[PDB]
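Structure first, then comments.
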Amino acid sequence: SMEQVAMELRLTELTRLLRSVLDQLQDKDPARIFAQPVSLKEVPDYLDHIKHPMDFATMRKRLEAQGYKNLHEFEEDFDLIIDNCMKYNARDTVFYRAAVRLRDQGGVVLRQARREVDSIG
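In terms of the entry's author numbering, the sequence shown has 65 at position 44, counting the first letter as 1, and numbering is strictly consecutive.
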């Protein structure tokens, strides 16, 4: 149908915008601490602690399959990155501190993303 196509163009355009959002958030992680999944070879107990691991590469796979239906879903995954790290790592660690700085800097980007998603519909 023509309606299905229209919906699909909407999803494509959201994917476009979320790709730009993802790039901007990932620039706030210049250390690349959140770039890839925590290695279960190197942290073998990880899944005993963290039930829903997340990282920027995993988000990018989902994004490119157009697997984010709305901004809420994409924010859920970004918050997992931060929140997982802040639980597994102690406050005095470079990992925890990286997550705090990513959350704080990311907030700005996400604030305007929400306005754009609502504005453009």
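Built from N, CA and C at the ideal position, the CB exists for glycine as well.
- Given a length threshold of 4 residues, each whole run of the alpha helix (DSSP H) inside the region 59 to 135 is given here in chain order: 67 to 70, 77 to 85 and 92 to 109.
- With a threshold of 16 other beta carbon atoms within 10 Å, residue 131 meets it and is buried.
- Residue 57 holds the alpha-carbon nearest to the alpha-carbon of residue 79 among 66, 57, 62 and 95.
- Using a C-beta cut-off of 8 Å, the region 57 to 74 makes no contact with the region 82 to 92, since fewer than three inter-stretch Cβ pairs fall below that distance.
- Sorting 66, 138 and 53 by C-alpha distance to the C-alpha of residue 95 places 138 at the top.
- The count of Cβ pairs closer than 8 Å, one atom from the region 103 to 112 and one from the region 36 to 49, stays below three, leaving the stretches out of contact.
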